[PDB]
Each structure stands twice: as structure tokens, then as C-alpha cells.
Amino acid sequence: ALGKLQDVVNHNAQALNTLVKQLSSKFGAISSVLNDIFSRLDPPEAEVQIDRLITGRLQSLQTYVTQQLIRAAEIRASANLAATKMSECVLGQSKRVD
Amino acid sequence: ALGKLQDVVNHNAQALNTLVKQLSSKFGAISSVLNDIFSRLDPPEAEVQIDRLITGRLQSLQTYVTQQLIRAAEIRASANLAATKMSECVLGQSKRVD
Amino acid sequence: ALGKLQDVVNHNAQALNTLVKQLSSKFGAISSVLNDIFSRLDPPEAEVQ
Amino acid sequence: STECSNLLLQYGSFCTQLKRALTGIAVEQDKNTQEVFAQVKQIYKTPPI
Amino acid sequence: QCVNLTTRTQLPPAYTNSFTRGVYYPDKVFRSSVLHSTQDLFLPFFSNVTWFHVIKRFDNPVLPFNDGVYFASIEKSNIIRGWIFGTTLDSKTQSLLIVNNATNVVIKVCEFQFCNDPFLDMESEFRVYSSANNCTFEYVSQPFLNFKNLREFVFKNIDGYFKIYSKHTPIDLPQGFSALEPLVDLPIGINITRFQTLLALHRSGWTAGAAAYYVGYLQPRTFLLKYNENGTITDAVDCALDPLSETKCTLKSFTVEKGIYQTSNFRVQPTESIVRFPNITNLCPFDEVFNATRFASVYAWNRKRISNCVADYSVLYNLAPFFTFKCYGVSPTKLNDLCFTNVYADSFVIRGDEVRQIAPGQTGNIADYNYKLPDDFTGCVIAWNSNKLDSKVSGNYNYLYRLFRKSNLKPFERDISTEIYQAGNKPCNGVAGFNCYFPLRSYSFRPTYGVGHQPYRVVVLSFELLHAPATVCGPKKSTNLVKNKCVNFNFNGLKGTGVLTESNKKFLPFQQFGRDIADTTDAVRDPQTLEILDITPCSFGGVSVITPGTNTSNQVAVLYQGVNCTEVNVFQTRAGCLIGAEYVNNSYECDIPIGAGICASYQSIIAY
Amino acid sequence: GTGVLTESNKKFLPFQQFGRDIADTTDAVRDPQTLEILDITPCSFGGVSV
Amino acid sequence: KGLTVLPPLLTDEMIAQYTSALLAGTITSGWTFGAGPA
Ligand SMILES: *[C@@H]1O[C@H](CO)[C@@H](O[C@@H]2O[C@H](CO)[C@@H](O)[C@H](O)[C@H]2NC(C)=O)[C@H](O)[C@H]1NC(C)=O
Ligand SMILES: *[C@@H]1O[C@H](CO)[C@@H](O)[C@H](O)[C@H]1NC(C)=O
Ligand SMILES: *[C@@H]1O[C@H](CO)[C@@H](O)[C@H](O)[C@H]1NC(C)=O
Ligand SMILES: *[C@@H]1O[C@H](CO)[C@@H](O)[C@H](O)[C@H]1NC(C)=O
Ligand SMILES: *[C@@H]1O[C@H](CO)[C@@H](O)[C@H](O)[C@H]1NC(C)=O
Ligand SMILES: *[C@@H]1O[C@H](CO)[C@@H](O)[C@H](O)[C@H]1NC(C)=O
Ligand SMILES: *[C@@H]1O[C@H](CO)[C@@H](O)[C@H](O)[C@H]1NC(C)=O
Ligand SMILES: *[C@@H]1O[C@H](CO)[C@@H](O)[C@H](O)[C@H]1NC(C)=O
Ligand SMILES: *[C@@H]1O[C@H](CO)[C@@H](O)[C@H](O)[C@H]1NC(C)=O
């Protein structure tokens, strides 16, 4: 019955969960842990490895923010519809069919 | 007369054609063909070249998904409008001007 | 009173300003200026930067 | 390339994210068609005259 | 000491179902109340596990180790005592021995001279091996040990590390779940391809006690592991076993709701590899370039074209006299596997310290005024010391370099003009004088100088990659051509996986291969036969698993999207081929949407 | 790393040395000298708004 | 190259059938069918 709200909660929690899970991705580096890179490599190669992890995580974060913006636009449209229903169905009688 | 629907078909076909066309991009690598990269380089540098291709293609695919989601939001808004017109113009008589 | 239009103008101008300010970002390279890369490094590594 | 897929596994759930977003769009289009056209649960037919 | 056992009864080994056994902890990491996906060497669920009995039955064959071994033991009275691992099981190679006798657990790595039939026998008789010459590692550990005991072990040999995972259960194989705890991490660093278990006899000849063991093999796959609040693995999902578990693995949950889920993409795998190279074989004249008595000077470097030959570069790498064998646009070890055209050998002699300057993008004197390489250069630079041949005690002055020039050279440009240079404001008019110097000066090569100044012979091999018909190829042999089948082909260094078919594309005579919108090769001209083969990628499509809730049922159906039913309860839809659902001419409301007017429901799973 | 070390209620198995949480980050560690389990809560993080 | 077009759940003839049902309702019953029984 309440699938639409459950979907909103599930998509937000799933996006957050996926965003934290992306921290455990090597992104083509020797390790997903920055400390391992500091302890295992010299700074000339360490700068490259941290650069790879930073660009991968930054791309993941930008993807998450873009998904949040699109979902925010969808929820804003639904909220505008809900405000219209509150004004026209609750605060008055509507002649609009369905 | 039917420019809006043909326009939607054109955007979807053009987005797919662009996504296919983006495979022909070196993305700062020696070649745009992955098999050449394997057939030509040792894994320490071939891994870097394959990475360059993978990040370019993944950026292309995320870009395509992002415009697909934005177009999905636009088409969803248009479909919500069409459902409102079907409910209020076809299934009833509307006092709303225009 | 006119906050909504001022907000639209501010977001467009701020987005353009941020897009301008992103050109002064090295993005991991030795310099944000292309000319400095052509003059300070050899073409095998200047191509990468 | 099998080796490219093996290297692609190091990037995590990007592929799953893109497939899930496309699947959401795909079900959304069918939902849009249901919302627009399937507003009657009775299939009415015109009289023969 | 060895004893032949000749009282066996002939019987084939049995087979049974693995059920959900063979699961182990993938790592030393605690996890609590989570689902974790791992790609490791695992035993598939419900697999065909080999069954051996000890009852007059005495089953001790020697089995291949493969990539990993699951050993199950339905044991009472501890007949099974240990295992033997190795490659040849003799003194030629090195072998690993695991034993548990009456007192202590012994792990040894020695070159044992093993018996053909090794076994154990109060216990006061040990006939396992006759000799042990070179022992490199010893490890003494704790005791590992109606049928009462289930002993499950997993042996892996990854990166020279031999991992033993173990579990003991108080009890065919029982149906249930028991995770195997890691027991021994062993640093051996030896090759293991074959194993044999050790049994114990009972003497009163000999009598075999009642025991049963099972041997299974590990394959690389992904499991979805469930970890409870106490960190103990309680359930697992094999992602490649059945579509329902594939859906569970994809959704990262053990319960799947009713609906259709995109899980993976079916693609047919290649059956055999075909290599097509030109039939023409001519020994390539690398001897002329590399073994010549005299080389040209760096200002007048010699360029030789190499075409219409098969080149074996393996004889160049394995020889040790060349100090520098450095390749830029191609791997050194892949040169035998590729085909080239535009091959050039540029031979010259330079100093010891100038070998770094024969490279793309280098700043130097001979780089600018003698020999320039482009930024997009592909090929290999070869440099070796030639003090024995290109040096004289009185001074070898035959090699000259351009010290002075007005401007830097272009890539692959040779300057042999002996014109004077103007180094000052005053014009020189072709006559030497103040600030007027000859551009070409000779090297003072003497054998007494140290490294860095000694003469070095440098040969630059320049290639082009795949953008033309190739005439120089590696020693790889040409295979026959197969039509209408998925193969992984190699055409002149171009690797692909596809079906090779007849084509109706009218190629022009110069044209060799063809490229689609994406620029991946779609057609190719095969060497030796000159025919035009169309390349179509192998059959593939999306797999969707239509299922009701796992609370309701475990039955699933699969939809192969955009794939006709003849290229994979079979029903053909516009959406694709549906397997596992039975079409019903009755019409109901849509429960699980399939597409193209087709929906699925559970009543068995029906499609309507 | 950097974090607050607290006594842990987790029952690590003998092989297990370090522990991962819901999101696969290192939330528990076993001390190499005294075999006890310690949770590693991260140092407090806050968003400073003015 | 990995691109596929999934068919819509409602085919063109069924969408046409839905429009036919809406046309028959609005012609034979006016707006009554949209608010309850036709
Ligand atoms: C037990 O039987 C095996 C197999 O017949 C014997 O192994 C062979 O022994 C002969 C002795 O002349 C050798 O020539 C063969 O090379 C052996 N074969 C293998 C595969 O090793 C074994 O010697 C027997 N045991 C005893 C104690 O005689
Ligand atoms: C196991 O393998 C044997 C032969 O190796 C075969 O006869 C048997 O049918 C297999 N069992 C199953 C369940 O496939
Ligand atoms: C291990 O031995 C087998 C044969 O016993 C051989 O085929 C294989 O190449 C060897 N592997 C290594 C890594 O030495
Ligand atoms: C068990 O094996 C070890 C190692 O060879 C040996 O020292 C010990 O004496 C053996 N036990 C008996 C009872 O012989
Ligand atoms: C192995 O043993 C043989 C004979 O016992 C000996 O000649 C050989 O040198 C040994 N090799 C090593 C590596 O110990
Ligand atoms: C977890 O452990 C606690 C005590 O340590 C016990 O009460 C509980 O039953 C255990 N749960 C499971 C699922 O084993
Ligand atoms: C190389 O040249 C030397 C003499 O210059 C000759 O003796 C030798 O046989 C040659 N080797 C090859 C492989 O041509
Ligand atoms: C070998 O290849 C050439 C073209 O490179 C072709 O003309 C010739 O017929 C081929 N010969 C054989 C025996 O395949
Ligand atoms: C030394 O370490 C061992 C385990 O590594 C531990 O059991 C023992 O208590 C430690 N001793 C001291 C004095 O810390």
C-alpha cells in the first residue's frame, strides 16, 4: 500500500550504501586503503596511486550528487503535486476529474 | 505537426549513436581497441592504457545515463500532464482555460 | 520579495563563476597553465599532464 | 576481453548503478503508459450502428 | 619400505551430490550481520563429488590437485591420517607431506621417495616413504582430529601459499550448512598438481575399518556469504548455480521479492583459437643489420627497409651481449606475436652516455642535430658496447657527429650536407675562421676510456601498428579457417572473438579490413586465401529472471532479451525467448511484466 | 589509522585478527601483544555551520 | 555492442485498444464512465 514512500526510503538508503561501498573499490590501484599506499610505496608512485583513488571517489561522489539532484527534482514535482492536492482537494472541492 | 514525438525518437536514437560513436575515442591512450593494447604492451603499462579506455568509456556511459534520467524526468512530467489531460479533458469537461 | 528571480540569476552567475574558477585547478598536474607544461616538461610526460 | 572484465571488476558497482538506473527508466516508461492510457478497468465498445 | 597390496576388490568410484558443503571463510576478516560477495576458489553447490569407501575395499588412488581440493571425511576411529601433495611424487621434485600419527601432527616438505602404495599401520609400523634427501621445511602443530565424525577440509595452493581450511562436525553426506574455519597458512612456494590420501590398516593379513571420503574440485566463482551477529557464516549463495541464486547474488539479498530482475548477460564462449598469418616464410635478414662489421655515423645513419619476411625476435632477447633492449610503443615479449609493416632499422654509433638521447622527446645534441625521434614513435632502440670492434688504440675517428646546425632536425630526417656553420655575426662564406667551425666532428674512441664514453652501436627498429597491410610477421603458425562458429581469432596481430562468415561487401583491391561506426573491425581480409570474411560478434543478450517471492516458491523462469529461441516450456516473445514458463491462452491481469504484451504469474509459472 | 579504541563485545574467532563493519571498513582490531578485541570508533566528525 | 532496446509492455494494438475503450466510454456514456459505472 505504501510502496511509494518505501521506494523513496529504499532509493536514498541504497544510494548512500552504494556510495560508501564505492570506498572499497581499488579503481585500478594496488589497494583501496590510502594508508597501504603510504606504507608500501615511495612518494613518486604514491602520488599517482592517491590520485587514482581521489579521482575514482570524486567521480563516485559526483555521480551520487547527480542522482540526488534528479531524485530531488522528481520529489519536488511530487511535492508540488501534493501541495496542489492539499490546496484543491483538502482546502476546497475540486471539479477536476480523477 | 508531429515534431514532439519525432524529436523524442531523434534524441533517443542520437544518444545511442553518440554512445556507440564514443567507442572510437582513444581517451588519451595509444589505441581505441582494447585487443591491440593487450597484443602490444606488457601488463604494467597495458593496465594503464586499458584503464584510460575504461575510465573514458565509463564516463561516456555515466553521461548517457545522466541525460537519460533527465529526459526521463522531462517525459515523466509530460506523461503526468498527458494523464491529467486524459482525466480532465477526455473523461470529463474542464473549466480550466486553455 | 523578488527572491526567486534573484536566486535564478545568482545560481546561473555562480555556476558560470565556478566554471571559470575550475580552470585554475591543476587536477594533479604540475601547473594549471598549458604553456608551462609545454615549456617545463618533455612531450612524453607533457602529453600525460 | 576477459582480462578487461577482470580489470573492470576493480571499479566496483558502477555497472550495477548504471543498469539499475536504466531499469528504473525502463519501468518508468511503462508506468507512464499505464498512467496515461490505462485509466479505465472496463474495455468499452461502440454499438454496431 | 614398501608393501604391495594385492587383495583389493575391483569397483568403480562412486559419485554423489555436494549439497551446500565446501564453504570456507575467504579471509581472516571478521564480519558481522552482513552479506559479502567473494570471487575465490570455491566448490559449486550440488556438484558431482567423487565418493570413495573404506570397508575388502581399500581406496587410495592418486588424484590431480587442479586449482583446489575439497576433502570430506565421514569418519569414525580416525582411519584417515594425512595427505601427500606434489607433482611427480619422487626425489626428482619436492613434495609436501601431512601426517597425524598416534602422538603429534607433522608437516614436512622433502624430496620423498614415495611408495606406489603408501599407507599407515598400538601403531608401530610406518611404511610411507623409503627416503627423504632434501628437506627444506618442517612444521609441528596441534592435533587436528554408527559414523560419528564429519571432517571437512579445503586445500588451496595460491601464490605459493598452501591454505588448509578445516571444520569438525558431530554426526551419504548430510544436508546442511557448516562453514570451514581456516586452520593452516603454509609458506611452501612449490608446485602442486597431484595428491594422494593416507589410510591406516588394522592388523589382527589386514582389515580395513569402516570409513568414507569424498573428493571435490574447486573452481573460481563468486559466493554471497551471510554473516550473523556472532560473525559465523550461516548461509551462502552460489551465484552461478541456478537463476534464483543468481538473482539473490545480484540483489545482494537472500530473499527475492516478486518481479523480473536483470541479472547477467548470456554470451556464447569461443570454442577454439584460429591464428591466420601469411603463408610466405623467409628468414629475415637481421644478421646483416646486427652483425655487420661497420656501421654508419650518426649524422649519416643507415636506414634499411625490412619487408616480406618472418622475423624471430626471440633470438635477440635471449642473447646476453646487448646492454640496452628498450621498446617504447610495443612490448619486447609480444614482438613474436604481431605482424608489422613500415619496418626500418636505423644503424649508427654514438657515445656511452648518449644512449639515453635516442628516445622520443629528449633534449640533446645528437637528438636535435643528428637523429630525431617523433613523439608518437613506436619500435625498439637497441644499444650495445662496441669497444672491441669500433675502437682503436691510436683513436678511431671514422664516426662523426653534427656538433653545429642552425635548427633542429625533423623526425626521421638525415642531414649529410657538409656546409659551414656561422656561429657569430660575421658571415663565413664557406671558409673556416673566427667563429666559423665545421659542423661534423669525429669521436676520439679509445679502449682505455671508462664506460659512458666508449663507443656504442645503436639500431632503431621502427614499426607502424596495424594501419596498413603487414609484410613482416612473427613465427606464429597459421591455422585453418572455420565458418559460422564463435572463435577467438588473430588476424595479423588483430585479436577478436566472433563468428567469421561469408560476406557480400565489395572490397576494393587496396582495402584489407573494414570498420563500423564504433571503429571496431567488422570485416577482414584473410591472408593466404585473400578472401573477405565478415566478423560478427558472438550471440549475446540480457538474462532476466522472472520469479515470485521466495516466501511463495523457488521456481524461476528466464527471459533472453532480443534473442530468438533457436539460438539458445519454451515460448518465443518479441521481448525474447522465455524458458521455464508455459504460455496460457487465457488472459489475466499483469503480475510480472515481461514485455510486448506478455506478462507472467505464479499459479508453476505461467506466461500470458 | 586514527580512532578511539574501546573494549569490544565482539567474539572474534581465533584466526580472525581485524574486523569489518556493514560498509567493509576496519571497525575492530585484535592487539598483537594482549589478545583482546578493540572497537575503533572514528574520532568525532561534525559539520560546522555558522 | 551492448546496446539493446526493450519493447514496451503495452504494444501499439493494446494502446489503440485502450484509446478505443476511452472513445467508446466518452461517446456512449459522456463523463459518467470516468466517475463510476458507464
Ligand atoms: C608395488 O607395485 C609397484 C607397481 O607395480 C612397483 O613399482 C614398480 O617397481 C618396478 C620394480 O622393478 C619398477 O621397475 C617400476 O618403475 C615401478 N613403477 C612405478 C610406477 O614406480 C613397486 O616397486 C612395488 N613395491 C615393491 C616393494 O616391490
Ligand atoms: C557424476 O559423474 C558420473 C560420471 O563421472 C555420472 O555418471 C553421473 O551422472 C554424474 N552425476 C551427476 C549428478 O551429474
Ligand atoms: C606444475 O607442474 C605441471 C606438471 O606437473 C606443469 O604442467 C606446470 O606448468 C607447473 N607449474 C608451474 C608454475 O611450475
Ligand atoms: C610420529 O611422527 C613423529 C615424526 O616422525 C615422530 O617423532 C614420532 O615418534 C611419531 N610417533 C610415534 C608413536 O612413533
Ligand atoms: C638434493 O639431493 C641430492 C642427493 O641427496 C643432492 O645431490 C642435491 O644437491 C640436493 N639438492 C638440493 C637443492 O639440496
Ligand atoms: C550468538 O551468541 C550469543 C551468545 O554469545 C547467543 O546467545 C546467540 O544464540 C548466538 N546467535 C547465533 C545465531 O548463533
Ligand atoms: C657474425 O659475424 C662474424 C664475423 O663478423 C661471423 O664469424 C659469425 O659467423 C656471424 N654470425 C652470424 C649469425 O651471422
Ligand atoms: C600465400 O599468400 C599469398 C598472399 O600473401 C597468396 O598470393 C598465396 O596464394 C598464398 N599461398 C598459399 C599456398 O596459401
Ligand atoms: C607476547 O606475545 C604473546 C603473543 O604474541 C602473548 O601471548 C604474550 O602475553 C606477550 N607477552 C607480553 C609480556 O606481552
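Side-chain atoms are counted along with the backbone in the values below, which use heavy atoms only and exclude waters and symmetry mates. The sequence lines fix the lettering, A, B, ..., with proteins before strands; numbering per chain opens at 1. Read the numbers this way: they start at 1 and go in the same order the structure lists the ligands and their atoms.
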Does a donor on one side chain and an acceptor on the other come within less than 3.5 Å for [X] and [Y]?
{"X": "E:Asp117", "Y": "E:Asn60", "value": "no"}
{"X": "E:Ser130", "Y": "E:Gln113", "value": "no"}
{"X": "E:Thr93", "Y": "E:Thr87", "value": "yes"}
{"X": "E:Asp90", "Y": "E:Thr88", "value": "yes"}

task: Would you mind listing which atoms of ligand 4 come within a distance below 4.0 Å of any non-hydrogen atom of E:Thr103?
output: 1 (C), 10 (C), 11 (N), 13 (C)
query: Partners of E:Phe254 by side chain to side chain contact (heavy atoms under 4.5 Å, CB included), sequence neighbours excluded?
result: E:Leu35, E:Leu224, E:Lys226, E:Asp235, E:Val237
field: Pairing residues for E:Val3 by the side chain to side chain contact (heavy atoms under 4.5 Å, CB included) criterion, not counting sequence neighbours
entry: E:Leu5, E:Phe119, E:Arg127
task: Under the ring-ring contact (aromatic ring centres under 6.0 Å, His included) rule, collect the residues that match up with E:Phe19, sequence neighbours excluded.
output: none
query: Any N or O on F:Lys11 sitting closer than 3.5 Å to an N or O of ligand 6?
result: no
field: Where ligand 6 meets E:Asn228 - atom numbers and elements under 4.0 angstrom, heavy-atom basis
entry: 12 (C), 13 (C), 14 (O)
message: Using a 4.0 Å cut-off on heavy atoms, what residues surround ligand 7? Order them by chain and number.
response: E:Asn291
field: Contact check, E:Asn104 vs ligand 4, heavy-atom distance below 4.0 Å
entry: no
query: Do any N/O atoms on E:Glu123 end up under 3.5 angstrom from N/O atoms on ligand 4?
result: no
message: Distance check, rounded to the nearest 0.5 Å: F:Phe18 atom CZ versus E:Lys28 atom NZ?
response: 9.0 Å
